[PDB]
């Protein structure tokens, strides 16, 4: 109030041109925090520090039940639900429940029947890119 500068990518408003220029980095990547190891860029320095653990192998979030360690606290939180049998994610179509939110999301796709991954060698179609990768290894073994 008032804001006269607009981003031509997401439409967000800004009161000063310097504010728009700083925000525009998220679309172009220019001058974003850049990892010195791999030179990929991230939205802020905290996301870069998280990414640094991919190079060091540091896993600072340890499960006190089994002793395994994880790179992110969210992953530890998801892992703890396995020990406690906590399955809060359920498919609304068939009722199958999961402790992992991605396992639930991946399962629900099967009710659509879509198989968008087609083997370039024989044309066999798969709902999962994983199954296509493993399938192509059979062609490599046959050849």
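By rigid core we mean the largest C-alpha set that fits within 1.5 Å across both forms. Residue numbers count along the first chain shown, from 1.
Per-stretch RMS Cα distance to the displayed form in 5 other deposited structures of this protein, following rigid core alignment, is highest for 41-49 when 41-49 and 89-97 are compared. The stretch that strays farther, by root mean square C-alpha distance over structures and residues in 5 other deposited structures of this protein after a rigid core fit, is 32-40, when 32-40 is set against 63-71. 28-36 and 101-109 differ in mean CA B-factor, and the higher of the two is recorded for 28-36. Set 115-123 against 9-17 and average the Cα temperature factors; 9-17 ends up higher. Among the modelled residues of the chain, residue 135 sits in the middle third by CA temperature factor in this PDB entry.
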